[PDB]
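Shown here is one chain on its own, the form deposited in one PDB entry, set out as structure tokens.
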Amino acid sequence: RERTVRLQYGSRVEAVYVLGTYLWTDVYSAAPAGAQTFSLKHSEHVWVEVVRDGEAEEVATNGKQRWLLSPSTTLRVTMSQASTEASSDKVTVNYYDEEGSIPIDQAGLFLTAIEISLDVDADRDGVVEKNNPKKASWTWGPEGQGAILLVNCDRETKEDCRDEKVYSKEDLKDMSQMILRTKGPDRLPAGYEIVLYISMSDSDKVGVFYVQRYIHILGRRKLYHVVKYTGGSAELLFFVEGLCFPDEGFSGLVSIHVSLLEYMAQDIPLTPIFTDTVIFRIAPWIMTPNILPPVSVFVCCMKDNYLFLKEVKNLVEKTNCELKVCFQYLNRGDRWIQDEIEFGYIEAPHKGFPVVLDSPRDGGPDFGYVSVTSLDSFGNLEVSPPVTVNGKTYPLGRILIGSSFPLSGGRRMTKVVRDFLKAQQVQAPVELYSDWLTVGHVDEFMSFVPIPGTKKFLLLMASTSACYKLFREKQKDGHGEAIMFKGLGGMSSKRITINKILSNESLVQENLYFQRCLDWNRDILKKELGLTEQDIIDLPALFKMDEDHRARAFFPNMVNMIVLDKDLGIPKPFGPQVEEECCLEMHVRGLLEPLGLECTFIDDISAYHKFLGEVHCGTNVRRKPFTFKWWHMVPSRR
């Protein structure tokens, strides 16, 4: 970076020189009228070149050499080390007339060299390197560069980013470090100051603190901060926090600048002499698919649903997971832990923590927080395992959300949430068709499970055709009078049997139609996830149709299951009993067990004595993040 500094006719010029720049110096304007040639002297630590029409020659500290004065003959001035109190850094130019070798005038440049660098960890190893040449840019990929910021959604005691205040030093651990490194003499020369600043636009995206006492110096309603200069080699440590996630209209990128400003006069703005810039990207909110290792199983249910709690506890005891049990709240649905909460995470090189998206129906440390229809529930939000589709890899998987057909006039998840998920970018969301379901959640018809002992996975699909095939076989086998819902006393008077199901003509037509809805989804998943029929297992399911021609479960949907590695908690179907075993249970075992999946059926409905299509319990599994670092992905240009 070349910077212009002119000698003044005939007055001396004093200037700060910032290392990493060099000066081009006009000596011609300061020459008195009539002068012919010029000579120069300079001090030890100042390098000077005479540049005549593009050709440069280094000049000695004390030479007698003379050059013709000319607009195209200039100086180039460089310094490789900062000034100290022992420095006298200068260049002095003498001017000569045609007649005689004694100088007729003199112009000089007194310099104070300083190092100024605003530094961040742009190489993404968690430590702040000195002046990374790439620090002003942000690039994706394994070779990518530039610093990362976490949204500080934490709380120690709204969330931590809600204000401009910092209390716990623990908070600073969530924060990215930014260091202003300087070197120079005891003070800046008269008329200079160093100022950190941000744009008005980024002022709601960031906050910056300086440390027993943490001062908030940039952020909401603070766009600049004058920095105190310390001489010698000094470092000022700053901590930077993100205030919000990428979204519609916010890419995730923010910038912080430091400038050396020169005081000109009263009422004149100060001149930026030198500016250094660092860029941060705020880390996206990321979702964890069923293939990732489980950590904690969160469950909600009424206090007296005893079988559910015993059977969930038993399942979890087969694993290394912890069980967290939560009951119902006045402001939350019976399923709220599944529907109102989604466990994601954020990651930076230095730190990461799980982060919960919380969407209450009505209404900690390193667990972060944050017209409507049923499709806005997080039962309607899933994510696939890592996939490759037509050569394009999605190392974090793809987010799936249920919707309706474009021209249908049907329900759709709110634009605000869809925009949020799309803006995270690294999960490249796909819309499925959930609006044929009364509740409208993708988790009603589909799930993913890992295949034990491999790196592969399966898509599990609800299938009505599988159920009808099975029931027709059992009927052919002489089991037509086999009764469903055994043990649910509130269903007993209905006397529902395989015969009674198979003879219901309108129910058959309804379920053929629902199977078309399932198959439409099957095709989208196969296309957008790069799946073949070998990656899919069909689980028998059955639905009843409402007045809107939407489906609700006839018996509990087995596809919505707790996946803990090889161990699966599967909703107990209460299917027809053949030889004192549920034919639905036996059929599901026959599909899954050969692959090394272990099935545990979990009864969440007995406590209610009947099943009308609604489940009153919910579960959500919190998982370890992907090993793959999000910043190593190269998302498509948006």
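When you see a residue number, it is the position in the sequence shown, counting from 1. In this text, rigid core is short for the largest set of C-alphas that superpose within 1.5 Å between two forms.
*Asks:* For the other entries of this protein included in the comparison (both sides of the residue modelled), is residue 350 absent in a third of them or more?
*Replies:* Modelled in all the others, so no.
*Asks:* If we scan the other compared entries, does residue 242 go without coordinates in at least a third?
*Replies:* Looking at the other entries that model residues on either side of it, residue 242 is present in every one.
*Asks:* I'd like the number of residues from the deposited sequence that lie between residue 157 and residue 158 yet are not in the model, binned as none, 1 to 3, 4 to 9, or 10 or more.
*Replies:* Count of unmodelled residues in between: 4 to 9.
*Asks:* So residue 227 and residue 228 are neighbours in the shown sequence, but is anything from the deposited sequence left out between them? Give the count as none, 1 to 3, 4 to 9, or 10 or more.
*Replies:* Nothing is missing between them.
*Asks:* Please work out which of 46-54 and 605-613 has the higher mean CA B-factor as recorded in the PDB entry.
*Replies:* Going by the record's values, the stretch with the higher mean is 46-54.
*Asks:* Can you tell me whether 550-558 has a higher mean C-alpha B factor than 327-335 in this record, or the other way round?
*Replies:* Stretch with the greater average CA B-factor: 327-335.
*Asks:* For the listed residues 565, 473, 481, 317, which one has the largest C-alpha B-factor as given in the deposited model?
*Replies:* Highest C-alpha B-factor among the listed residues goes to 317.
*Asks:* What's the residue among 435, 528, 98, 340 with the greatest CA temperature factor in the PDB record?
*Replies:* The C-alpha B-factor peaks, among 435, 528, 98, 340, at 98.
*Asks:* Is residue 182 in the lowest, middle or highest third of its chain when residues are ranked by C-alpha B-factor?
*Replies:* According to the entry, residue 182 has a C-alpha B-factor in the chain's middle third.
*Asks:* Among the modelled residues of its chain, does the C-alpha B-factor of residue 298 lie in the lowest, middle or highest third?
*Replies:* Within its chain, residue 298 is a lowest-third residue by C-alpha B-factor, going by the deposited values.
*Asks:* Among the modelled residues of its chain, does the C-alpha B-factor of residue 623 lie in the lowest, middle or highest third?
*Replies:* Within its chain, residue 623 is a lowest-third residue by C-alpha B-factor, going by the deposited values.
*Asks:* Is the Cα B-factor recorded for residue 238 in the lowest, middle or highest third of its chain?
*Replies:* Within its chain, residue 238 is a lowest-third residue by C-alpha B-factor, going by the deposited values.
*Asks:* Should residue 456 be placed in the lowest, middle or highest third of its chain by the C-alpha B factor in the entry?
*Replies:* For residue 456, whose C-alpha B-factor we compare with every modelled residue in the chain, the answer is the highest third.
Just so it is clear, the following notes concern the form deposited in another entry, a form of the same protein that is not shown.
*Asks:* Superpose on the core and compare between this form and the one not shown; which one of 268, 200, 226, 190 crosses the 2 Å Cα shift mark?
*Replies:* One residue passes the 2 Å cut-off, namely 268.
*Asks:* Using the core for the fit, does the CA position of residue 533 change by 2 Å or more between this form and the one not shown?
*Replies:* It does not, since the residue 533 C-alpha is displaced less than 2 Å between this form and the one not shown after the core fit.
*Asks:* If we fit on the core, is the Cα of residue 87 displaced 2 Å or more between this form and the one not shown?
*Replies:* True for residue 87: a C-alpha shift of 2 Å or more.
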